[PDB]
Each structure stands twice: as C-alpha cells, then as structure tokens.
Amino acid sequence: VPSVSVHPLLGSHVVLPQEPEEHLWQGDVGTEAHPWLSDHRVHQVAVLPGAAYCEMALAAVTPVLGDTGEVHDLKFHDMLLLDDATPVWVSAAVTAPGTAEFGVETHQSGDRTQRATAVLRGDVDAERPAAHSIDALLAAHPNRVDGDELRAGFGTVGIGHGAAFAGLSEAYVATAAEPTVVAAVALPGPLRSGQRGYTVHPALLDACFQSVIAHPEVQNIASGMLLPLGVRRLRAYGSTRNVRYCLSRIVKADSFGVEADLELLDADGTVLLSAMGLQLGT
C-alpha cells in the first residue's frame, strides 16, 4: 500500500483546485494523536500551546513558497481546548510572489473559530545572526534559576507543564538592569525519536518561551498568568535537533505585557532559530 510522509501536526496536505494558489492541511492536535500535548495545561485542562502555531507556520513556508523563508506577525486568537481528537485546518493563500496569508481554524459542532493568523515570507534574504560563546554567556549570567522552581511558580497562576514541557533545566540571569537570560533547554528524551519532520518541536519552543519569565524584570512586575500571544518574526536557519540553549532579550516588560527576542542555540552557540518580538500577556 503506498504512503505519503506528512508533517506530525499539519497532517494531510492539498492544493485547492483554483486560482490564486491556496494550500489546505487537515491535522489532528488531539491528545490521542499527540499524548505529549496533555502536558501543557491552563487551569488543569489541555490547551494547545502558542508554540504549536509557531511550528505550523514555520512548517508551511517551504511547501507554499519553495523555501524555509520566515513567518511574520503570527497572532494567537481564542485559546484552543484539546480533546482526544481535535481537528485543525491550516490554510495558506499566495497573495503575491514570495508572500502568503496563513491561518489555523477549528470547529465546535457548528461554528468556525480562527485560532492563529500570520504572513509567510519566502523572499526575505535574511543573514543568520552571529554565533555566541556559551561559556561567555554563562560567565555573564551568574545567578541560576532552577527549572523546577520556575515551573512551580507557573503552577501558582494555573499553568501546568508536565514532563513533555519540562525541557527548561535552568535559566541564568544577572540583575534586572541586564536585559538578557541564558537558559539551558532541551527537548525531553522521549520526544527526541519523533523530532524529524518538525522545524522546531513545540515542546522545546515552549520551554524556550518559559525561560523569558525567569528574567528579574519580568519577576518584578508580578503580572500573573503570562501566556504567548504572538510572535513578530520567526525564522529557522537549520535543524533544531541540537538546540541546548536559549538566549532571550527583554524588549519591554510592564502592566500591558512582556515582549522578548529569542535565539535557540546549539552547544557551540550557533543560532538555529530566531523568535523576535515574542509577546506575552494575560
């Protein structure tokens, strides 16, 4: 019997029989298809992490535009409660050469709900940011923040990260006056076998987003439940299989939210993925 390789989240792919060019994927982000998604909970119910929409957008760039390219103005709309089966429909419509409108939608018996929107770009000639020295980053951020204690803090405001989402081992900071965080993050071992096919495993990317909350300025404003709301710019430069660190920079932190820029690094300090203008809020 023949078979077709599919993205683990996007699922079955087709190009609609019409002009202009429009792609459609039907996936399943339910907890039976993906048991690891039971490990990201809001008020003890499984909810799709914003990191999963990031991956869906990143994974859609090559089939739609012919290159890995990048994702612009990714926004997450109503929070998606997961069930054993949670069908999702991802769409990408080419509006002009090198650019496409991206969307993610679901159903609840009789109403279409938009879950995420973005713009896919395949003509931005981006230069990979320069590699960092992990040793030099760690020397400059001497104060350790334990991953278990950080996750315990998230639990106090109703965010529950189980084993699949426990990839942040520790975060390193200086003081609130230094805007950076250096975190040790890795995809947990049991998911490392199901990592091929992903541009970035959402469980790893979520662990990177979590590291932003370890920053002393973010801790000082004590805003409560901070969840990802969007990402201004996402770009993968290579495979994220060997990501071991995340360098984040706090761009703004106040009562309205937190904005940060993130770079996923391997053990040599090479930049494998950029997430600029991560927006966190209530």
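The numbering used is simple: start at 1 and walk along the sequence shown.
When 226-234 is weighed against 61-69, 61-69 comes out higher, by mean CA B-factor as recorded in the entry. For the pair 96-104 and 203-211, the mean Cα B-factor is higher in 96-104.
Ranked against the other modelled residues of its chain, the C-alpha B-factor of residue 32 as given in the entry falls in the highest third. Sort the chain's modelled residues by C-alpha temperature factor and residue 16 lands in the highest third, per the entry. Residue 144 sits in the middle third of its chain by CA B factor, as recorded in the PDB entry.
Residue 220 sits in the highest third of its chain by CA B factor, as recorded in the PDB entry. Placement of the Cα temperature factor of residue 75 within the chain: lowest third of the modelled residues, per the deposited record.
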